[PDB]
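Consider the single chain below, provided in structure tokens and representing the form deposited without its partner chain.
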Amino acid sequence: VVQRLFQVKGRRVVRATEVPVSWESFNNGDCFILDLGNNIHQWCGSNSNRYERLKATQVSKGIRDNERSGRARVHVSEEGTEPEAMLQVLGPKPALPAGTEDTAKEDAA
């Protein structure tokens, strides 16, 4: 059973990092990829930036094309439009926190 969650965060340096499969991983300032195998859920918070939304597409389509040999379908959603399939895995959505600053220019990135 494939269930993975990626946090997609940054501005000039955007990274996708695997995090625990939980609503507690989400915030409204980043994008998240909930990978369910033959379906990949691309979710972006209201305060996600354009570079995160772009990279979320690259990651979801890269899983689809490179890991799943094109077989999977990517579905785009946002807060309040989550597909039933997402809620079946994560449970009902709680109130979500804000993100943190994306730029960390002096820190190893």
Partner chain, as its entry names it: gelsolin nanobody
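Numbering follows the first chain given and starts at 1.
Trainee: When the Cα temperature factors in the entry are averaged, is it 77 to 85 or 60 to 68 that ends up higher?
Mentor: Averaging CA B-factors over each stretch, the winner is 77 to 85.
Trainee: Per the entry's values, where does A104 land by CA temperature factor relative to the rest of its chain, in the lowest, middle or highest third?
Mentor: It belongs to the middle third of the chain when residues are ordered by C-alpha B-factor.
Missing here is the form solved in complex with its partner chain; even so, the following discussion is about that form.
Trainee: If you check in the entry with it bound, is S46 within 4.5 Å of its partner chain, heavy atoms only?
Mentor: No, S46 stays farther than 4.5 Å from its partner chain in the entry with it bound.
Trainee: Can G91 be called a contact residue for its partner chain in the entry with it bound at 4.5 Å between heavy atoms?
Mentor: Yes - in the entry with it bound, heavy atoms of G91 and its partner chain come within 4.5 Å of each other.
Trainee: Look up in the entry with it bound whether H75 has a non-hydrogen atom within 4.5 angstroms of its partner chain, and give yes or no.
Mentor: The answer is yes: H75 has a heavy atom within 4.5 Å of its partner chain.
Trainee: Can you check whether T81 is within 4.5 Å of its partner chain in the entry with it bound, heavy atom basis?
Mentor: Looking in the entry with it bound, residue contacts with its partner chain include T81, since a heavy atom lies within 4.5 Å.
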